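Peer 1: Just passing along the structure, written as structure tokens.
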Amino acid sequence: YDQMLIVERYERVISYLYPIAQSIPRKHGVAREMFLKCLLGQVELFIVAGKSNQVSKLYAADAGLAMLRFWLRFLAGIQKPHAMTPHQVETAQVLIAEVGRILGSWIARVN
Amino acid sequence: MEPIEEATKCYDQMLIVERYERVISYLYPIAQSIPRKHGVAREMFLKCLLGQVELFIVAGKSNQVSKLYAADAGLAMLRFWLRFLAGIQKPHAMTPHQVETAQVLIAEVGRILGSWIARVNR
Amino acid sequence: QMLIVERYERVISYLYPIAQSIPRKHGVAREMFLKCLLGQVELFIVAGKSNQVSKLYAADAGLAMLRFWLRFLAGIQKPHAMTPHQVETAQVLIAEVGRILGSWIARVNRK
Amino acid sequence: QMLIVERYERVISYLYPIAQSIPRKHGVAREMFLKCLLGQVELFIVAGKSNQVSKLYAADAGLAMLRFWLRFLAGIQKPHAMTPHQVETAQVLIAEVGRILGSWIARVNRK
Amino acid sequence: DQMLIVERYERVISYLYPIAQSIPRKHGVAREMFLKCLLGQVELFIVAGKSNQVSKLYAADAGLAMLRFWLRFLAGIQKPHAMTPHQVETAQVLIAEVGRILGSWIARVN
Amino acid sequence: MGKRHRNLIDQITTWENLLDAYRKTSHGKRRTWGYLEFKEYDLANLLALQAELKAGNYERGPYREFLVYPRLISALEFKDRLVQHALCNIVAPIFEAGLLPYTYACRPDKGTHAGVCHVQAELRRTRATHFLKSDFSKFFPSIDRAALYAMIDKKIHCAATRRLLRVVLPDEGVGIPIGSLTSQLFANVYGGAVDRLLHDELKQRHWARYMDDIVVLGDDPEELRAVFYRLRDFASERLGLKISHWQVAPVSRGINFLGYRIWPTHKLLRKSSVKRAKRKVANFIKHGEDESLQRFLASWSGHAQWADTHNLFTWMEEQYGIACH
RNA sequence: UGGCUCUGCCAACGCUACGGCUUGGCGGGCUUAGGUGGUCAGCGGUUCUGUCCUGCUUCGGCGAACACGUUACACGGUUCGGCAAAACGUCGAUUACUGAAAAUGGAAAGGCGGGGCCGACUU
RNA sequence: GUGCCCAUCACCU
RNA sequence: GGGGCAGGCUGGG
């Protein structure tokens, strides 16, 4: 549970966002590489979180989810050619919200 | 309905990021202009610009003043990048006006970071 | 260490060919996968010298992230790069280095 | 001491033009040189937000690494070589920043 | 001292950088990561010398160890041969020289 | 629009509308806990709001009621101000369309300043000799919230917009909450009932209402006093509004309407305004805040560009130096 | 986005496990809204020192105390006419009507507006 | 706290 | 006496 569940729910974010994050033009290439490092690298944040139960590790899993939502906002708009159509941000934010819920429950379970 | 909560809500992190998103929204277009060349400077500027959001965000969630100072260092580095993109980049990268505009936005994020550092420091 | 890395070399030697089969399209995921795969050696090595268990758990997180990458490359990576069999075989090799990492974690936190 | 950054920013102003010139051939060297050159400002900045001498020595290490980069980019061969002049006439600039860093290290060390 | 190790490591770089630029684009991530390990261990040495925590002198050792890994990895990476076994042998000698200096330096601090 | 209006909850919860509501709710507030907590998963938040409203499971969070000096300012949560904004984007323009021309409050392209201009204008033409100015006691605090919902209900017809309007503003009490977009709208709409006892009944064609203040230029101060009595009796018996102040002045006292004092000829802002400004400036000077004063000055230089203040602007430039115009 | 784990060619730093690779050309392919202020509906308390006002009332209240010509004493895009068909608004009406039921259908004649329209002149 | 309006700031049509 | 304006001395903010 907890880490396993969060990651399986976050895998849905990655499975949604990775295709979007691979589409981000090479021009928005640094944004893309940094979005992909945020997206695929949030798994590491979750993984570290469920290997310590240090509640700071599940807060830095939340920080990553927060950064991932930043990326949606950025790739939604701040990214000129675009990279996460407004719909994609909406869909991704729902998935990240589900990961957010599980992270919140996990933060609480540790609290 | 109650909006989708993130955990560890830092009004300060949330505000700083929303205000820093305006820095990014200003600077990212002109970073993605730093010519084909200057691409390493651009990638490094963009990693400083877009990656300051993570510095703020991690400062917000890991209530540790170390992470807040790291966010400040990044804003300082972003201010360096403005200096650099203006002066040292040779084509133009950044018109003097753009540095003036960007520095205003970064200053707003600087203010919020300062207030945030202060409120944590107490 | 030395033995963990020699056993992880087998993961790399299995996975690197798989990571190089990932099409150009998924090139940033590949570079990120390869930086997880080839860069877990650094995680093991740095624990080997600086024996602090902190550095040892980061090695575990990296192995866990590499396991994520297997999951990701098998399916989320849309041309499911890693075939399920390959994920199976890779996970066996990663599990072997996981065992050694676990034993090493245990050897360090003896008290 | 923030004359450090403003005296280093003429190292950058000298070295960046000739770094944004290391051909792709030497492109990883270039990216790493530029990350050493443009990223030494972060080393100084972190030093000045702490005046921890640790961060001040890290700034010195970076200047030393930047001096390495000059010597490395010298003997990179072909017409892409940092000309011997430029290695010397940047080592002068880095030396000026080195002097100020040394004084700053000293100011902190003898509080 | 940092100066000696770095000058001896510069010989590793001067041997390996040409070889690390020859690693095929196919093995391009490994190459860029090997190059970043190779040039980039200089920073590990330099940080170790311009400070002292002995952790920094271990992180230099870890980097040399990672550089040794990169040699063994690039030797027989795939059909696009990255690094010839000879090149690994030659480079391992140079890395061993900087390994010796790092070891002595770790010891002198310890 | 054919009357009716019997399917507004479909348009209130259009993502395309809730996104407009969201952008309208956040406009200005993008440094508030509410926007910033919402902004996180904004389109996921708006997808659970859309589908709260589209279900009839939207329930308005409690008003956070503070007060500034003497008001009674009830705030709302961002989600709730967004629902209000998403109502008042469909629901507002089907009420603000029935608002007779001369209601100048919270309706686009009519304002404080289009009202004072309407009054001056209508005072200019008509050659008004007299005028009735009235005002509702504690308006938002005396709006029926019940005979309001007999006007929010001769025009909403959609039995779910109606139930969303009734969440965002309950149908019981005598307290339309002040500090609601939903409530600015429904107060204009309610006080629109007295506009349709001025313009419709009473055949008063020269008036202006700005939310609770109602100028009614006439020509017979006896007729305008009648109009007023008729207006008060209506707005008391029908709308539960006590009239705080009223007057039937000759156009000569000046119509203290909306910020200005409005003669036919000189919309002389108001002396209140001068002294408020004089004091504001003086304070700003002896507060070291001589940079927000430029903002204020530029503001008051707009309220006074139409009003007559050349000499006053010279005077204020001579007293403090600051660039007025 | 100084890409490509992308090819053909040719070089030549080089590296070659002698295949090539790398690298270079060279093709080619793949690559208005927002921010922030400030008003408007709508910060005081006390004595003091100047300073000025202290009228009106239809008894509800309105003022006044220098915007001083309280006014750029001159109007308008706050313009002036003409209309008010339409559309809009509004009542008729969540009526008639339809349909068991107006049930997230649904008028209209008509009535009332000016918000609208058409010119002039100005904007 | 609410809108409407003012200023200014960016930012392209 | 009351009142408006500018400064005294003190809350809100």
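By order of appearance in the structure tokens: chains A, B, ..., then residues from 1 within every chain, and ligands from 1 in the order shown.
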Can you tell me, as an MDAnalysis selection string, what residues are no more than 7 Å from residue 3 in chain A when counting only C-alpha atoms (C1' of nucleotides), ignoring any on the same chain fewer than 6 positions away?

Peer 2: chainID A and resid 46:47 50

Peer 1: The coordinates of chain C, once least-squares superposed on chain D over all sequentially paired C-alpha atoms, should be supplied as a short mmCIF file (atom, residue, chain, number, x, y, z; two decimals) with N, CA and C atoms, in the first residue's frame.

Peer 2:
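Generated file (superposed_24.cif):
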```cif
data_model
loop_
_atom_site.label_atom_id
_atom_site.label_comp_id
_atom_site.auth_asym_id
_atom_site.auth_seq_id
_atom_site.Cartn_x
_atom_site.Cartn_y
_atom_site.Cartn_z
N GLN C 1 28.21 37.00 -3.32
CA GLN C 1 28.39 38.32 -2.69
C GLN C 1 27.73 39.35 -3.60
N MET C 2 28.44 40.45 -3.86
CA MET C 2 28.04 41.35 -4.94
C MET C 2 29.25 41.71 -5.79
N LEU C 3 30.36 42.06 -5.14
CA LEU C 3 31.52 42.49 -5.91
C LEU C 3 32.18 41.30 -6.60
N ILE C 4 32.29 40.15 -5.93
CA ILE C 4 32.86 38.97 -6.58
C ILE C 4 32.08 38.64 -7.84
N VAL C 5 30.75 38.69 -7.77
CA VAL C 5 29.92 38.32 -8.90
C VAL C 5 30.09 39.34 -10.02
N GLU C 6 30.17 40.63 -9.68
CA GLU C 6 30.38 41.65 -10.70
C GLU C 6 31.74 41.50 -11.38
N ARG C 7 32.74 41.02 -10.64
CA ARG C 7 34.04 40.75 -11.23
C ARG C 7 34.05 39.44 -11.98
N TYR C 8 33.28 38.46 -11.49
CA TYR C 8 33.12 37.21 -12.20
C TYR C 8 32.27 37.38 -13.45
N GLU C 9 31.30 38.30 -13.44
CA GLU C 9 30.55 38.62 -14.64
C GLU C 9 31.51 38.94 -15.78
N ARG C 10 32.67 39.54 -15.47
CA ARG C 10 33.65 39.87 -16.49
C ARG C 10 34.32 38.61 -17.03
N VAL C 11 34.56 37.63 -16.16
CA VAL C 11 35.05 36.32 -16.61
C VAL C 11 34.02 35.71 -17.55
N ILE C 12 32.76 35.61 -17.11
CA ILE C 12 31.70 35.08 -17.94
C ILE C 12 31.63 35.88 -19.25
N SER C 13 31.65 37.21 -19.17
CA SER C 13 31.53 38.02 -20.36
C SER C 13 32.69 37.81 -21.31
N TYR C 14 33.84 37.38 -20.79
CA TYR C 14 34.97 37.06 -21.65
C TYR C 14 34.89 35.63 -22.15
N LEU C 15 34.57 34.71 -21.24
CA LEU C 15 34.61 33.29 -21.51
C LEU C 15 33.36 32.79 -22.23
N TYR C 16 32.19 33.35 -21.93
CA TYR C 16 30.99 32.88 -22.58
C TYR C 16 31.13 32.98 -24.10
N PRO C 17 31.56 34.10 -24.68
CA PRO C 17 31.84 34.12 -26.13
C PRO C 17 32.78 33.04 -26.59
N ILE C 18 33.78 32.69 -25.78
CA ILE C 18 34.74 31.63 -26.09
C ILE C 18 34.08 30.25 -26.03
N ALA C 19 33.15 30.11 -25.08
CA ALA C 19 32.43 28.87 -24.85
C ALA C 19 31.40 28.62 -25.93
N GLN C 20 30.92 29.69 -26.56
CA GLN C 20 29.99 29.61 -27.65
C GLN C 20 30.68 29.42 -28.98
N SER C 21 32.00 29.62 -29.00
CA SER C 21 32.80 29.36 -30.19
C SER C 21 33.21 27.89 -30.30
N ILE C 22 33.21 27.17 -29.17
CA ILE C 22 33.48 25.73 -29.18
C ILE C 22 32.52 25.04 -30.14
N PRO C 23 33.04 24.26 -31.11
CA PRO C 23 32.16 23.73 -32.14
C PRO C 23 31.12 22.77 -31.56
N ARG C 24 30.07 22.54 -32.35
CA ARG C 24 29.05 21.56 -32.03
C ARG C 24 29.69 20.28 -31.53
N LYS C 25 30.69 19.81 -32.28
CA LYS C 25 31.38 18.57 -31.97
C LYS C 25 31.64 18.48 -30.47
N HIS C 26 32.24 19.51 -29.92
CA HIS C 26 32.54 19.58 -28.50
C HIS C 26 31.43 20.30 -27.76
N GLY C 27 30.21 19.87 -28.03
CA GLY C 27 29.04 20.54 -27.50
C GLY C 27 28.81 20.15 -26.04
N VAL C 28 29.02 18.88 -25.70
CA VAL C 28 28.86 18.48 -24.32
C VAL C 28 29.95 19.13 -23.48
N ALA C 29 31.20 19.20 -23.95
CA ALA C 29 32.21 19.92 -23.18
C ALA C 29 31.76 21.36 -23.04
N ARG C 30 31.26 21.98 -24.11
CA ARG C 30 30.79 23.34 -24.01
C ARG C 30 29.68 23.48 -22.96
N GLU C 31 28.63 22.68 -23.04
CA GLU C 31 27.55 22.74 -22.05
C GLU C 31 28.11 22.58 -20.65
N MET C 32 29.09 21.71 -20.47
CA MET C 32 29.72 21.48 -19.17
C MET C 32 30.62 22.64 -18.79
N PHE C 33 31.29 23.24 -19.77
CA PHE C 33 32.08 24.43 -19.52
C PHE C 33 31.17 25.57 -19.15
N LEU C 34 30.09 25.75 -19.90
CA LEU C 34 29.14 26.83 -19.62
C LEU C 34 28.48 26.60 -18.29
N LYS C 35 28.20 25.37 -17.91
CA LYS C 35 27.62 25.12 -16.60
C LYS C 35 28.64 25.38 -15.52
N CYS C 36 29.94 25.27 -15.82
CA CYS C 36 30.97 25.65 -14.85
C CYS C 36 31.12 27.15 -14.81
N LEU C 37 31.07 27.78 -15.97
CA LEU C 37 31.29 29.23 -16.09
C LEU C 37 30.11 30.01 -15.54
N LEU C 38 28.94 29.85 -16.16
CA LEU C 38 27.72 30.50 -15.72
C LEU C 38 27.22 29.99 -14.38
N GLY C 39 27.69 28.86 -13.90
CA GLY C 39 27.12 28.28 -12.71
C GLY C 39 28.03 28.51 -11.52
N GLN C 40 29.16 29.15 -11.75
CA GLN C 40 30.00 29.61 -10.66
C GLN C 40 29.38 30.84 -10.02
N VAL C 41 28.56 31.60 -10.76
CA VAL C 41 27.80 32.70 -10.19
C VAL C 41 26.94 32.17 -9.08
N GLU C 42 26.27 31.04 -9.26
CA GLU C 42 25.46 30.48 -8.19
C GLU C 42 26.35 30.13 -6.99
N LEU C 43 27.56 29.62 -7.24
CA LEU C 43 28.47 29.28 -6.16
C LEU C 43 28.85 30.51 -5.36
N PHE C 44 29.17 31.60 -6.05
CA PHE C 44 29.45 32.86 -5.38
C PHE C 44 28.23 33.36 -4.62
N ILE C 45 27.09 33.32 -5.29
CA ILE C 45 25.90 33.89 -4.70
C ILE C 45 25.53 33.14 -3.43
N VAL C 46 25.52 31.80 -3.48
CA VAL C 46 25.08 31.02 -2.35
C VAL C 46 26.01 31.23 -1.15
N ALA C 47 27.30 31.43 -1.41
CA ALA C 47 28.22 31.83 -0.35
C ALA C 47 27.86 33.21 0.19
N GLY C 48 27.46 34.12 -0.70
CA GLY C 48 27.09 35.46 -0.29
C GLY C 48 26.02 35.48 0.80
N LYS C 49 24.99 34.65 0.63
CA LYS C 49 23.96 34.55 1.65
C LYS C 49 24.43 33.69 2.82
N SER C 50 24.49 32.37 2.59
CA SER C 50 24.99 31.44 3.59
C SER C 50 26.50 31.60 3.72
N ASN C 51 26.94 32.46 4.63
CA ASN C 51 28.33 32.87 4.67
C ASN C 51 29.27 31.75 5.10
N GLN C 52 28.75 30.59 5.48
CA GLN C 52 29.59 29.48 5.92
C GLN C 52 30.75 29.27 4.94
N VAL C 53 31.95 29.14 5.49
CA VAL C 53 33.16 29.02 4.69
C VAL C 53 33.14 27.79 3.81
N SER C 54 32.37 26.77 4.19
CA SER C 54 32.17 25.61 3.34
C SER C 54 31.66 26.02 1.96
N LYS C 55 30.62 26.85 1.96
CA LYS C 55 30.04 27.35 0.72
C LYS C 55 31.03 28.25 -0.03
N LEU C 56 31.93 28.88 0.71
CA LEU C 56 32.94 29.76 0.14
C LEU C 56 34.07 28.97 -0.51
N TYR C 57 34.37 27.78 0.00
CA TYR C 57 35.43 26.97 -0.59
C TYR C 57 34.94 26.28 -1.85
N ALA C 58 33.64 25.95 -1.88
CA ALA C 58 33.02 25.41 -3.09
C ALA C 58 33.05 26.44 -4.21
N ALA C 59 32.92 27.72 -3.87
CA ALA C 59 33.11 28.79 -4.84
C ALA C 59 34.54 28.80 -5.35
N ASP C 60 35.52 28.55 -4.46
CA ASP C 60 36.92 28.52 -4.85
C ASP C 60 37.19 27.31 -5.75
N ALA C 61 36.66 26.16 -5.36
CA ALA C 61 36.75 24.96 -6.18
C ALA C 61 36.18 25.24 -7.56
N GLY C 62 35.07 25.95 -7.64
CA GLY C 62 34.46 26.24 -8.92
C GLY C 62 35.33 27.14 -9.75
N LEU C 63 35.95 28.15 -9.15
CA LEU C 63 36.90 29.00 -9.86
C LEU C 63 38.07 28.18 -10.34
N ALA C 64 38.52 27.24 -9.51
CA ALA C 64 39.62 26.34 -9.88
C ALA C 64 39.20 25.43 -11.03
N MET C 65 37.98 24.92 -10.99
CA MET C 65 37.43 24.15 -12.06
C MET C 65 37.29 24.99 -13.32
N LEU C 66 36.91 26.25 -13.18
CA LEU C 66 36.84 27.12 -14.33
C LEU C 66 38.24 27.33 -14.92
N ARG C 67 39.26 27.45 -14.07
CA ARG C 67 40.62 27.49 -14.56
C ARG C 67 40.98 26.18 -15.27
N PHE C 68 40.55 25.04 -14.73
CA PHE C 68 40.72 23.79 -15.45
C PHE C 68 40.07 23.87 -16.82
N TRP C 69 38.83 24.35 -16.87
CA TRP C 69 38.13 24.45 -18.13
C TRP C 69 38.91 25.29 -19.12
N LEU C 70 39.58 26.35 -18.67
CA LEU C 70 40.41 27.12 -19.59
C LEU C 70 41.50 26.22 -20.16
N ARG C 71 42.26 25.55 -19.29
CA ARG C 71 43.28 24.58 -19.71
C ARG C 71 42.69 23.56 -20.68
N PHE C 72 41.53 23.02 -20.33
CA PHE C 72 40.88 22.01 -21.14
C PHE C 72 40.48 22.56 -22.49
N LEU C 73 39.78 23.69 -22.51
CA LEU C 73 39.33 24.26 -23.78
C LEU C 73 40.50 24.70 -24.64
N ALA C 74 41.63 25.04 -24.01
CA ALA C 74 42.87 25.34 -24.71
C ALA C 74 43.73 24.10 -24.78
N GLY C 75 43.38 23.21 -25.70
CA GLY C 75 44.30 22.12 -26.00
C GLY C 75 43.69 20.74 -25.88
N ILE C 76 43.08 20.41 -24.73
CA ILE C 76 42.49 19.09 -24.58
C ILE C 76 41.22 18.93 -25.42
N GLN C 77 40.31 19.89 -25.26
CA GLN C 77 39.42 20.21 -26.36
C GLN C 77 40.29 20.29 -27.60
N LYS C 78 40.09 19.37 -28.52
CA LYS C 78 41.12 19.12 -29.52
C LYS C 78 41.28 20.29 -30.48
N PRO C 79 40.23 20.80 -31.17
CA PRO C 79 40.35 22.14 -31.74
C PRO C 79 40.49 23.05 -30.54
N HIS C 80 41.74 23.21 -30.11
CA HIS C 80 42.09 23.98 -28.93
C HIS C 80 41.23 25.24 -29.03
N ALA C 81 40.08 25.16 -28.39
CA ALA C 81 39.02 26.14 -28.53
C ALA C 81 39.56 27.49 -28.08
N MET C 82 39.75 27.61 -26.77
CA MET C 82 40.45 28.76 -26.23
C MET C 82 41.90 28.82 -26.74
N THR C 83 42.26 29.92 -27.41
CA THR C 83 43.65 30.16 -27.78
C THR C 83 44.45 30.43 -26.52
N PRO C 84 45.78 30.16 -26.53
CA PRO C 84 46.59 30.40 -25.33
C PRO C 84 46.46 31.82 -24.80
N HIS C 85 46.39 32.79 -25.71
CA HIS C 85 46.17 34.17 -25.33
C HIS C 85 44.88 34.30 -24.53
N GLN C 86 43.79 33.73 -25.06
CA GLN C 86 42.50 33.79 -24.39
C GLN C 86 42.55 33.14 -23.02
N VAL C 87 43.20 31.98 -22.91
CA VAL C 87 43.44 31.39 -21.61
C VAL C 87 44.18 32.37 -20.71
N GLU C 88 45.17 33.06 -21.27
CA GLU C 88 45.92 34.07 -20.53
C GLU C 88 44.97 35.17 -20.07
N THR C 89 44.18 35.72 -20.99
CA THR C 89 43.31 36.84 -20.62
C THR C 89 42.22 36.37 -19.67
N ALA C 90 41.65 35.20 -19.92
CA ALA C 90 40.62 34.66 -19.04
C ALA C 90 41.19 34.40 -17.65
N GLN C 91 42.40 33.84 -17.59
CA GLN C 91 43.00 33.54 -16.31
C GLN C 91 43.24 34.81 -15.50
N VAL C 92 43.50 35.93 -16.16
CA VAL C 92 43.64 37.21 -15.48
C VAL C 92 42.31 37.59 -14.81
N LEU C 93 41.22 37.48 -15.57
CA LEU C 93 39.89 37.80 -15.05
C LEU C 93 39.49 36.84 -13.93
N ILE C 94 39.72 35.54 -14.14
CA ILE C 94 39.43 34.56 -13.11
C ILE C 94 40.30 34.83 -11.89
N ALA C 95 41.55 35.26 -12.11
CA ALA C 95 42.45 35.59 -11.02
C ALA C 95 41.89 36.76 -10.22
N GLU C 96 41.29 37.75 -10.88
CA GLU C 96 40.71 38.87 -10.16
C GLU C 96 39.58 38.37 -9.26
N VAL C 97 38.69 37.53 -9.79
CA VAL C 97 37.65 36.97 -8.96
C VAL C 97 38.25 35.98 -7.97
N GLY C 98 39.38 35.36 -8.31
CA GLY C 98 40.10 34.53 -7.35
C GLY C 98 40.59 35.36 -6.16
N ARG C 99 41.18 36.52 -6.43
CA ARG C 99 41.63 37.41 -5.36
C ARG C 99 40.48 37.75 -4.42
N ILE C 100 39.33 38.14 -4.99
CA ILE C 100 38.18 38.55 -4.19
C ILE C 100 37.65 37.37 -3.39
N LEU C 101 37.63 36.19 -4.00
CA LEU C 101 37.24 34.99 -3.29
C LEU C 101 38.21 34.71 -2.15
N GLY C 102 39.50 34.84 -2.40
CA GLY C 102 40.50 34.66 -1.35
C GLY C 102 40.30 35.64 -0.19
N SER C 103 40.13 36.93 -0.51
CA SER C 103 39.88 37.94 0.51
C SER C 103 38.62 37.60 1.30
N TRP C 104 37.60 37.13 0.59
CA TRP C 104 36.33 36.74 1.20
C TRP C 104 36.51 35.51 2.09
N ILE C 105 37.24 34.51 1.61
CA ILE C 105 37.61 33.37 2.45
C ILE C 105 38.27 33.87 3.74
N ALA C 106 39.24 34.78 3.58
CA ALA C 106 40.00 35.31 4.69
C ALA C 106 39.11 36.11 5.65
N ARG C 107 38.24 36.95 5.10
CA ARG C 107 37.31 37.71 5.92
C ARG C 107 36.43 36.77 6.76
N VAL C 108 36.07 35.61 6.22
CA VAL C 108 35.18 34.71 6.94
C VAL C 108 35.96 33.92 7.99
N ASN C 109 37.13 33.38 7.64
CA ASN C 109 37.94 32.67 8.63
C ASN C 109 38.87 33.62 9.37
N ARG C 110 38.32 34.72 9.88
CA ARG C 110 39.12 35.62 10.70
C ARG C 110 39.40 34.99 12.07
N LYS C 111 38.50 34.11 12.52
CA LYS C 111 38.69 33.38 13.76
C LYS C 111 38.02 32.00 13.66
#
```

Peer 1: Provide as a PyMOL selection string the residues of chain F at most 12 Å from chain I, counting only C-alpha atoms (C1' of nucleotides).

Peer 2: chain F and resi 67-69+271-272+274-276+278-279+282-283+286

Peer 1: Print the selection's residues with N, CA and C atoms to a file, as a compact mmCIF listing (two decimals), in the first residue's frame.

Peer 2:
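Saved as part-v4.txt:
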```
# COMPACT_ATOMS: atom_id res chain seq x y z
N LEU F 67 -15.46 43.34 8.56
CA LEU F 67 -16.10 44.65 8.38
C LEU F 67 -15.04 45.74 8.38
N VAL F 68 -15.16 46.68 7.42
CA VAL F 68 -14.25 47.81 7.28
C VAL F 68 -15.03 49.09 7.59
N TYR F 69 -14.32 50.12 8.08
CA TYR F 69 -14.92 51.40 8.44
C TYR F 69 -14.41 52.49 7.49
N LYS F 271 -17.26 68.31 -2.54
CA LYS F 271 -16.22 68.87 -1.68
C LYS F 271 -15.62 67.82 -0.74
N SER F 272 -16.49 67.02 -0.11
CA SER F 272 -16.10 65.73 0.43
C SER F 272 -14.94 65.16 -0.38
N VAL F 274 -12.90 66.61 -2.62
CA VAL F 274 -11.73 67.47 -2.53
C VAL F 274 -10.98 67.18 -1.23
N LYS F 275 -11.67 67.38 -0.12
CA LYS F 275 -11.05 67.27 1.19
C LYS F 275 -10.54 65.85 1.43
N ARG F 276 -11.31 64.83 1.05
CA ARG F 276 -10.82 63.46 1.07
C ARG F 276 -9.50 63.36 0.30
N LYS F 278 -7.45 66.07 -0.88
CA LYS F 278 -6.51 66.93 -0.18
C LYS F 278 -5.85 66.17 0.97
N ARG F 279 -6.67 65.62 1.86
CA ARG F 279 -6.18 64.87 3.00
C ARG F 279 -5.37 63.65 2.54
N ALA F 282 -2.01 64.95 1.30
CA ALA F 282 -1.24 65.40 2.45
C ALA F 282 -0.71 64.22 3.26
N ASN F 283 -1.59 63.26 3.58
CA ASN F 283 -1.18 62.05 4.27
C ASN F 283 -0.05 61.35 3.51
N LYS F 286 3.31 63.07 3.97
CA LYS F 286 3.83 62.82 5.31
C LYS F 286 3.59 61.37 5.75
```

Peer 1: Report as a list in words all protein, DNA and RNA residues lying within 10 Å of residue 263 in chain F, evaluated on only C-alpha atoms (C1' of nucleotides), omitting residues in the same chain fewer than 5 positions from it.

Peer 2: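 Result of the neighbour search: residues 119, 120, 121, 123, 124, 128, 251, 252, 253, 254, 255, 256, 268 and 269 of chain F; 71 of chain G.
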
Peer 1: So that I can check the surroundings of residue 23 in chain E, please list as a ChimeraX atom specification every protein, DNA and RNA residue that reaches within 10 Å of it, counting only C-alpha atoms (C1' of nucleotides) and ignoring chain neighbours fewer than 3 positions away.

Peer 2: /E:17-20,26-32,34-35,74-75,77,80-84 /G:15,21-22

Peer 1: Would you write out those residues with C-alpha atoms (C1' of nucleotides), as a PDB file, in the first residue's frame?

Peer 2:
```
ATOM      1  CA  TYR E  17      38.036  12.659 -23.816  1.00  0.00           C
ATOM      2  CA  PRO E  18      39.142  11.804 -27.405  1.00  0.00           C
ATOM      3  CA  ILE E  19      37.860   8.250 -26.822  1.00  0.00           C
ATOM      4  CA  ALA E  20      34.684   9.523 -25.149  1.00  0.00           C
ATOM      5  CA  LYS E  26      23.949   5.409 -30.775  1.00  0.00           C
ATOM      6  CA  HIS E  27      25.631   5.182 -27.408  1.00  0.00           C
ATOM      7  CA  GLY E  28      25.203   8.909 -27.140  1.00  0.00           C
ATOM      8  CA  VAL E  29      23.626   9.147 -23.707  1.00  0.00           C
ATOM      9  CA  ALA E  30      26.293   6.806 -22.338  1.00  0.00           C
ATOM     10  CA  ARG E  31      28.902   8.960 -24.095  1.00  0.00           C
ATOM     11  CA  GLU E  32      27.584  12.281 -22.809  1.00  0.00           C
ATOM     12  CA  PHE E  34      30.822   9.269 -19.654  1.00  0.00           C
ATOM     13  CA  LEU E  35      32.127  12.653 -20.781  1.00  0.00           C
ATOM     14  CA  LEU E  74      31.780   1.433 -22.731  1.00  0.00           C
ATOM     15  CA  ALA E  75      34.047  -1.559 -23.408  1.00  0.00           C
ATOM     16  CA  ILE E  77      28.504  -1.605 -24.764  1.00  0.00           C
ATOM     17  CA  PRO E  80      28.636   0.057 -32.111  1.00  0.00           C
ATOM     18  CA  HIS E  81      31.841  -0.498 -30.173  1.00  0.00           C
ATOM     19  CA  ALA E  82      32.286   2.490 -27.917  1.00  0.00           C
ATOM     20  CA  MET E  83      35.584   1.835 -26.160  1.00  0.00           C
ATOM     21  CA  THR E  84      38.114  -0.764 -27.280  1.00  0.00           C
TER      22      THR E  84
ATOM     23  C1'   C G  15      39.418   6.538 -31.822  1.00  0.00           C
ATOM     24  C1'   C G  21      33.258   5.074 -34.937  1.00  0.00           C
ATOM     25  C1'   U G  22      33.824   9.916 -34.000  1.00  0.00           C
TER      26        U G  22
END
```

Peer 1: Please provide the set of residues having any atom within 12 Å of residue 8 in chain H, restricted to only C-alpha atoms (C1' of nucleotides), with same-chain residues fewer than 4 positions apart removed, written as a PyMOL selection string.

Peer 2: (chain F and resi 291-299) or (chain G and resi 35-38)

Peer 1: Could the residues of chain E that have an atom at most 8 Å from chain D be listed as a Markdown table, each with its closest atom pair and the distance in Å to one decimal, counting only C-alpha atoms and ordered by chain and ascending residue number?

Peer 2:
```
| residue | atom | partner | partner_atom | distance |
| --- | --- | --- | --- | --- |
| E:10 | CA | D:72 | CA | 7.8 |
| E:21 | CA | D:25 | CA | 7.4 |
| E:32 | CA | D:28 | CA | 6.1 |
| E:35 | CA | D:28 | CA | 6.6 |
| E:36 | CA | D:28 | CA | 6.9 |
| E:39 | CA | D:29 | CA | 7.1 |
| E:40 | CA | D:32 | CA | 7.6 |
| E:42 | CA | D:65 | CA | 6.7 |
| E:43 | CA | D:65 | CA | 5.5 |
| E:46 | CA | D:61 | CA | 5.3 |
| E:47 | CA | D:61 | CA | 4.7 |
| E:48 | CA | D:61 | CA | 8.0 |
| E:49 | CA | D:61 | CA | 7.5 |
| E:50 | CA | D:61 | CA | 5.1 |
| E:51 | CA | D:57 | CA | 5.6 |
```
